[PDB]
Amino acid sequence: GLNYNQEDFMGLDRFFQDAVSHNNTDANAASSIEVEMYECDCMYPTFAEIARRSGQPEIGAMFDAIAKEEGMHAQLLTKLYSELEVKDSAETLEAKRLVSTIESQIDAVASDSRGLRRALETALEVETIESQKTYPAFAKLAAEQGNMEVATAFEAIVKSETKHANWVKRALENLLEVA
């Protein structure tokens, strides 16, 4: 065989960040807020710039639209936990550093067709994990704990992240269709 799994081109897969599981729903909300704001603030704007600089403005507009919706998810949870003090974990700080190293190479990243391909594939990876695993698990726990309002919020976030996965897949299919 190859003898190893190659890491993705330019480390773009490490843009994906997952919320951390806890026993307590306030802490799951805090972790979600953290990650969703990182995607709103940092991840998706960077993907949008890769798209634009690759000559793909429509896909860039999609990433800008998704970014705003990640902020909506965070703001719903903030409304429910008004007093929470959310801080970036080590892993979010590392991801923000990575974002800044791609920004300072943005021209090279975009000029290679893998830049945008891997950005879309990383978006798909997070939207998949969020929609199918992480936020269903948070919704289930919140319900178990009798926290109906927060369970309902996570169920709405699940719906939205599922939509994003669909958007991203359709965009990937078109990106890769030349004609």
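Numbers follow the displayed sequence, beginning with 1.
Once you work out the mean C-alpha B-factor for both 114-122 and 52-60 from the entry, which is higher?
Averaged over C-alpha atoms, the B-factors run higher in 52-60.
Quick one: say whether 5-13 or 157-165 has the higher mean Cα B-factor in the deposited entry.
The stretch with the larger mean CA B-factor is 5-13.
Among modelled residues of the same chain, the CA temperature factor third for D26:
CA B-factor rank for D26: middle third.
Quick one: classify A95 as lowest, middle or highest third of the chain based on its Cα B-factor.
According to the entry, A95 has a C-alpha B-factor in the chain's highest third.
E39 - Cα temperature factor, lowest/middle/highest third of chain:
For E39, the deposited C-alpha B-factor lands in the middle third.
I106 - Cα temperature factor, lowest/middle/highest third of chain
According to the entry, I106 has a C-alpha B-factor in the chain's highest third.
Name the third of the chain's ranked CA B-factors that contains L84, choosing lowest, middle or highest.
Answer is highest: the recorded C-alpha B-factor places it there.
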